């Protein structure tokens, strides 16, 4: 694992973590002990190395004594390696507990600390983590590689008026014996997980039950809205369980974060984190819930061995997500979404450039920060491979037979693309002549669009294309012919696909865009997906009225899918360039650390 400085799994394995920590909002630090139960995989083992990043190590204790350790030079985004000298050589399979006293930095890339004013309630601060891909090392010392899976337990001391939650089953709460102004919250995760799945939130959280195994959590002011938006959650889990086999994690809770959470969702086990930008009022963005739910099998049970194999997580998850959505809403909607994602894949390839290395399915992340490499490619190129294979190998019933057999086979494991491919050939041994027609080298290792486009039903897409082609080919004397009734029979999804289609040909003339606002009033739409693509189209077609609206969206929430391109677009428009740069600088300190970093790079600031 070229993203990790720890001793590899072939040397030693973390089996368990017991975390005892206290969250200090005054110093913005988390402080305490990580006791790692580590098993040797080698004879005569006398040292091992752990990932850290911006941690302050106080001491390391094994068998009740302090032992020697050293921190190496920082290696950029990877952090500094921590070599621990064991007091007695270990034989193969011997296990020991190593206790590390540490403290985090305020600038931990895994954490965002928010003041009272950056929250809903305006009285309490809030903390949330995000470990994927390699940020767990910025919280505690660990072997920070998805190739190692451990169970864990934790005890978290917090201001007594706040709530701690983790990616684990809640195991109780009591006053802190060391400090009566504090509560300790307790947690257990009995299913082995890669460390990137470790998660913590502390804040003034409330919950409402929305299904037999699902509570939503958020601040008070978001709970009622959230409960309604995600009400299809149980029914999606049932479908996910029919497709993937038993849900093994006990609880499936949802946390809805403050608006700076950088992602649509993060499949932390027992507690999926989501963006508030999902709250569209009508459940239209629930594909993201189905995506997070699918990860309970693809990602969380079968895990990528290293980040070069991320597509394994994402493509199988999009593949299952799209199935859940097609069960709920029909096979033509499955194809509709499948086809739009091919649209998103053309976008990403066009941006990076068709020969760019980040456009490969399997990437080499050796000296690359995974946060810089992250995009739609592993999701959409991964999904396009599986949809192609589905159509090659006999259809969805046949291919879902394989996905379920693949999950069973590799549950509680971390695997490579070769692992996936050997199993695909084993499973379809009677269809190997067909599998040998796939150009594996191109599909897996080459840049750009896949060598083959799957067959997609167009039924629901057609109206979207038709309307978009009318706008694009319209001349000034055609603009009168447009009318609100054009949108009459389009769902929010089709309206969003109309804008995505139109956006692919942007800029349009400014008079067209103005007319579009005149007849359709897209400014009134608060659906974050739609509003996003509409502001993009407006800025790219050089409408100045749209600058304040685009600046406002870019900074009122922080989902990088929306914030990054809105800032990029505003920077590339000469009228808003200076203001874009200025607005970033003014917001930078209060932004998510990873978000700040990428937007900063994006703007060349």
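Numbering follows the first chain given and starts at 1.
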| query | finding |
| --- | --- |
| Mean C-alpha temperature factor, higher of 574 to 582 and 533 to 541 | 574 to 582 |
| Per the entry, higher mean C-alpha B factor between 172 to 180 and 238 to 246 | 172 to 180 |
| Out of 50, 566, 35, 57, highest CA B-factor residue | 57 |
| Out of 209, 130, 348, 414, highest CA B-factor residue | 348 |
| Ranked against its chain, the third holding the CA B-factor of residue 381 | lowest |
| CA B-factor ranking of residue 558, expressed as a third of its chain | lowest |
| Cα B factor band for residue 335 (lowest, middle or highest third within the chain) | middle |
| Chain-relative CA temperature factor third for residue 597 | middle |
| Cα B factor band for residue 4 (lowest, middle or highest third within the chain) | middle |
